[PDB]
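One structure is given here, and the rest of the page talks about it.
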Amino acid sequence: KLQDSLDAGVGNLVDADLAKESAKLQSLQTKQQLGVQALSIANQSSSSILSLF
Amino acid sequence: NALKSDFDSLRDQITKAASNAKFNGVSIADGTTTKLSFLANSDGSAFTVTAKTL
């Protein structure tokens, strides 16, 4: 029983809560796609003034 | 006499059981402390557990 308590305690210290990680994963993948889109938007700034010449 | 001998052996086993009731060096039942205090909130206020000596 003591060995089981020590092993369960190690699990309490280090184990991930995977149900929480699934939500973090979905939101981070959306955030990464939005960041790529935002970088594409920022990349376009130089071409705006080409029309002035 | 046989009953008395069995009784004394079981009595010594109680001492062994109580002394081994430790989780990573701390015990709530071995008599070595009056209480353990665990964190209750982020300010460090305690969650007291009174020791119960076995």
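Quick check on the stretch B:16-45: of everything there that is basic (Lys, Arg) and exposed (fewer than 13 other Cβ atoms within 10 Å of the Cβ), which residue is nearest to residue A:3 (Cα to Cα)?
B:16
Among B:26, B:49, which is the only one that is within 13 Å of chain A (Cβ to nearest Cβ) and out of contact with any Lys or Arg (no Cβ under 6 Å at 6 or more places or on another chain)?
On inspection, the qualifying residue turns out to be B:26.
Hey, could you check chain A for residues that are away from every other protein chain (no Cβ under 14 Å) and not in a helix (DSSP H, G or I) and say which is farthest from the chain's Cα centre (by Cα)?
A:53
Values quoted throughout were computed directly from the atomic coordinates according to the rules given, and no laboratory measurement underlies them. No Cβ is skipped: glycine too gets one built from the backbone with ideal geometry, and neighbour counts run over all protein chains shown.
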